[PDB]
């Protein structure tokens, strides 16, 4: 990883896409199923196999169902309390998703304003204490750009972009990565619910991250 200094610890935090069914009892680092079976585990395998010398220490702090509201509540213990050199954050999917599968529960919804304010605040507190901070855009595996949820997901993605630019964060365009993939297959080939993909879908996410950090190839 060119972007990452050698021997650095990277903490990746987010929802179930980050979680990927890890054993939370271990705390992100461990021997068996500490990273789950998603893109985080793919990143860890990729970096070890292609860059053994780089000695990168990856931590999975993904919690299923989480919004940016949930992230802020546990940020002290799950991010700062681990003393990371780098922090990668991917959040927004559930923030957007609840507005569509639970449209009547207004109280639950995270409005664009709250999403920006909270996301910007987490970054503002974390940016100086780390060597680098990576923001991975939320996505919707749906090529239809005028789909209510896809268009809404695009709103939150753009919002994450102007936060990354404002604090000099690295932005991984995961949505764009899926958009390139979807030129060849229907979303069903990746994810029935257009959110939780198979291993191939997680590889799309992982490869977007690696490319943005300049360690896709070796």
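Positions refer to the first chain, counted from 1.
Asker: Between 105-113 and 81-89, which has the higher average C-alpha B-factor in the PDB entry?
Answerer: In the deposited entry, the stretch with the higher C-alpha B-factor mean is 105-113.
Asker: Can you let me know which of the two, 184-192 or 163-171, has the higher average C-alpha B-factor in the entry?
Answerer: Per the deposited B-factors, the answer is 163-171.
Asker: Just the C-alpha B-factor column, please: which of 58, 68, 149, 26 has the biggest number?
Answerer: Reading the PDB entry, the winner on C-alpha B-factor is 26.
Asker: Would you please rank residue 157 by its C-alpha temperature factor against the other modelled residues of its chain and give the third it falls in: lowest, middle or highest?
Answerer: Tercile = middle for this residue's CA B-factor.
Asker: Taking the values exactly as deposited, rank residue 212 by C-alpha B-factor within its chain and report the matching third: lowest, middle or highest.
Answerer: Tercile = lowest for this residue's CA B-factor.
Asker: Where does the C-alpha B-factor of residue 46 rank in its chain, lowest, middle or highest third?
Answerer: Within its chain, residue 46 is a lowest-third residue by C-alpha B-factor, going by the deposited values.
Asker: Is residue 38 in the lowest, middle or highest third of its chain when residues are ranked by C-alpha B-factor?
Answerer: For residue 38, the deposited C-alpha B-factor lands in the middle third.
Asker: Sorting the chain's CA B-factors, does residue 141 end up in the lowest, middle or highest third?
Answerer: Lowest third, going by the recorded CA B-factors of the chain.
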